[PDB]
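Next up: a single chain in structure tokens, the form deposited in one PDB entry.
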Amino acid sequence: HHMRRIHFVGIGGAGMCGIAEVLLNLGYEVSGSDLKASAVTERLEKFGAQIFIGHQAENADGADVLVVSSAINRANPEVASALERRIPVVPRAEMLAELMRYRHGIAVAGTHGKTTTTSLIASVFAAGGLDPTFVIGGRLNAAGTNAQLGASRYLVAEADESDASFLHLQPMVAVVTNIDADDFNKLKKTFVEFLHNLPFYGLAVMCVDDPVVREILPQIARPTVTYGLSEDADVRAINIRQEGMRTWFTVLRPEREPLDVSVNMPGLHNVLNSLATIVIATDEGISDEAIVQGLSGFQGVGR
């Protein structure tokens, strides 16, 4: 193990403080510098972080890896010391992606629906007592009764194809909701390469109502479950009854009896977000009752 101590440059900053908390919960030694002590830094040192105030070269001493907010700025004395000694320096987006190596990672990709689907997954998993850490907008959150970031077995994260870290995710389950052309063939290849980062025992969850996902499906040499309203979708919504703030539908699933559910958000697109979620919940062994509870009690993204 060539990573024992991880040093964050600007550990009090957004996205940085959650990553540090996860790494502390994975058992690593974590240190960090910041220009000002705050409630964020005082909470980090109660979790075991060594906090330095201000930037000076000595703050990097002993670190095996440095994490920086984005750009690598050799004008910063901690970064300059690390670079002079060939200590790796990585942006926070890459360390965030690296967390999936330690957890059962569920990556939610596609043009539209990533945030809502990530949130619905977290809600249904919490209703089943699985309490994942989930990542929306680069920020780590804890679902359910478990308050410790990264303590859960599960890590659910939006996967944005424009991020440099997109193709370095190592998920166990990957969803593609849709692929929207607003080079298109480079883009399709990017999504195909993303899905091939799954292990052979992993799962690709594919919306076949989307034309481009349907087009790339035969290229995916990984186990797949398809979903949609389409007559050939593995996991299919029928009997859709739109009723105000809430939509009722029946979900057909391989080797299961039909299940009547509802989602407390309007629009066909939220039936599709719920179907992705049901595929993932079903794969994880979550009960019908918890699926119903998590979809119908969902209070919205951010609530």
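Residue numbers run from 1 along the displayed sequence. Here the rigid core means the biggest group of C-alpha atoms that line up within 1.5 Å when the two forms are laid on top of each other.
Novice: Checking chain continuity here. Are there deposited residues lacking coordinates between residue 182 and residue 183, and if so is it 1 to 3, 4 to 9, or 10 or more (or none)?
Specialist: Count of unmodelled residues in between: 4 to 9.
Novice: Mind pulling up the entry and telling me whether 119 to 127 or 164 to 172 has the higher mean Cα temperature factor?
Specialist: Taking the mean B-factor of the alpha carbons in each, 164 to 172 is higher.
Novice: Report the stretch with the higher mean CA temperature factor, choosing between 237 to 245 and 266 to 274 on the basis of the entry.
Specialist: According to the entry, 237 to 245 carries the higher average C-alpha B-factor.
Novice: Of the choices 188, 112, 86, 103, which one's C-alpha carries the largest B-factor in the record?
Specialist: When the deposited C-alpha B-factors of 188, 112, 86, 103 are compared, 188 is largest.
Novice: Using the temperature factors in the entry, find which of 77, 202, 132, 138 has the highest value at its Cα atom.
Specialist: Within the set 77, 202, 132, 138, 138 shows the top C-alpha B-factor.
Novice: Going by the entry, which third of its chain does the Cα temperature factor of residue 148 land in?
Specialist: Within its chain, residue 148 is a highest-third residue by C-alpha B-factor, going by the deposited values.
Novice: Would you mind ranking residue 26 by its C-alpha B-factor against the rest of the chain and naming the third, lowest, middle or highest?
Specialist: As the PDB entry reports it, the C-alpha B-factor of residue 26 lands in the middle third of its chain.
Novice: Looking at the entry's B-factor column for C-alpha atoms only, identify whether residue 14 ranks in the lowest, middle or highest third of its chain.
Specialist: Ranked within chain, residue 14 CA B lands in the highest tercile.
Novice: Lowest, middle or highest third of the chain for the C-alpha temperature factor of residue 251?
Specialist: Answer is lowest: the recorded C-alpha B-factor places it there.
Novice: Which third, lowest, middle or highest, does the C-alpha temperature factor of residue 259 belong to within its own chain?
Specialist: Middle third of the chain for residue 259's C-alpha B-factor.
Only in words, not in the display: the form deposited in another entry, which the text now covers.
Novice: Among 143, 95, 212, 204, which is the residue that shifts its C-alpha 2 Å or more between this form and the one not shown, core superposed?
Specialist: With the rigid core fitted, the residue that moves is 143.
Novice: After superposing the rigid core, is the C-alpha displacement of residue 50 2 Å or more between this form and the one not shown?
Specialist: Result for residue 50: no, shift under 2 Å.
Novice: Core aligned, does the CA of residue 27 move at least 2 Å between this form and the one not shown?
Specialist: Result for residue 27: no, shift under 2 Å.
Novice: Against the shown form, C-alpha atoms of residue 145 and residue 21 in that other deposited form: closer or farther, for a change of 3 Å or more?
Specialist: The answer is closer, because the C-alphas of residue 145 and residue 21 approach each other in that other deposited form by 3 Å or more.
Novice: Closer or farther: how do the Cα atoms of residue 283 and residue 146 compare in that other deposited form versus the shown form, where the change is at least 3 Å?
Specialist: The answer is farther, because the C-alphas of residue 283 and residue 146 separate from each other in that other deposited form by 3 Å or more.
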